[PDB]
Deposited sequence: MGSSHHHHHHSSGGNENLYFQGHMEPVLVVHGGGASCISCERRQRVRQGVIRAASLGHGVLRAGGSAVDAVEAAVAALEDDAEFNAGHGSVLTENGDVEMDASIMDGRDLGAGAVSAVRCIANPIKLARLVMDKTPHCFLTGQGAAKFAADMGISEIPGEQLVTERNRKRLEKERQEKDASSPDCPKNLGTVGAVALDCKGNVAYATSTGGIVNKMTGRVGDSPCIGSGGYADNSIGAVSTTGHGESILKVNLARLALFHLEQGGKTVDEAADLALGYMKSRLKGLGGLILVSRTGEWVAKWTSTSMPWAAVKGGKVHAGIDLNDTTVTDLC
């Protein structure tokens, strides 16, 4: 009968703008609030992370769902994955077009098919089978992302992790990818062990950053490798994982980690990663390393 925890992240970045910045803070707080409210109410770890990531999908400030970056086609292709710590259940979708909430489709892949990963037109056909509508792809496009893709041609992720009241853990990750990706490019976010991992015997991670690197070191399984070795903190394990990515590959990013026991951290190696957690009636939140707030829950 354990003390619930939920942690969310809003994606490793560089400098965040002005008006944009209070609102990003506001977003993670509201998604992690919601996911925690799911847990207080007695719902599962899996329920909480889906809810949190689904709100950060619908939120246009974040690169997942609505708000997703564009491919070299000026097109939205999204990846996402969810896992259950109890029995290792998993669900994931890659290169999905015209679906407002991939994390939901992914959880449907988990509960309703004997598989863990569907891609492209097959995940589209499945969305229909599940009774999910496609939306016009223009709906997911914000004008800021057209200018990002214009620039990236001219010149030169959200997640949550939860411990529920019965002690189960789970993670969820959802992305638009990296701006100007080739068509049908798949990052780490739909990939079990890279975009996140969940196992009740250790804990749960959700990662963000340069996807190819995350893939190559199995970043999420790696934080947990370090944590399952006996005498390390979640905070240490996070940094060793992320250290190995930076130093081995020049790969920056971040993750969020919650342990079997309720411990949690949000670490990043890139310039910033908006995050928030909820535990024991307080809500924590930050973007840079030096704006951490605490505040009594609502």
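- According to the record, no C-alpha positions are given for deposited positions 1-22, 179-190, numbered from 1.
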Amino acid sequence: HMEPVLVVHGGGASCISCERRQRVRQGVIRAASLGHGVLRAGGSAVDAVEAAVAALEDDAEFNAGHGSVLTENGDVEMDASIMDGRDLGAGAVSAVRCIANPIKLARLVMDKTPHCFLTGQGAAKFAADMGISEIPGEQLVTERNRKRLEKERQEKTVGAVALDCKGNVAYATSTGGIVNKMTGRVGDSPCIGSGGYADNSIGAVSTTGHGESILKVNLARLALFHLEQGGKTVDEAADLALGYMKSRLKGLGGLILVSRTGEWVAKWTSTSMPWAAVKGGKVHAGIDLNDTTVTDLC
From here on, numbers count along this sequence of modelled residues.
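- The deposited model assigns a higher average Cα B-factor to 137-145 than to the other stretch when 137-145 and 214-222 are compared.
- In this entry, 13-21 shows the higher mean Cα temperature factor of the pair 13-21 and 277-285.
- Set against one another, the Cα B-factors of 199, 111, 188, 75 in the record reach their highest point at 75.
- Going by the entry's values, 231 shows the largest Cα B-factor out of 254, 65, 35, 231.
- Split the chain's modelled residues into thirds by C-alpha temperature factor. Residue 54 is in the middle one.
- Residue 156: CA B factor in the highest third of modelled residues in this chain (values from the PDB entry).
- Per the PDB record, residue ranking by Cα B-factor puts residue 166 in the highest third of the chain.
- Among all modelled residues in its chain, residue 41 ranks in the highest third by Cα B-factor.
- Sorting the modelled residues of the chain by their CA temperature factor places residue 60 in the middle third.
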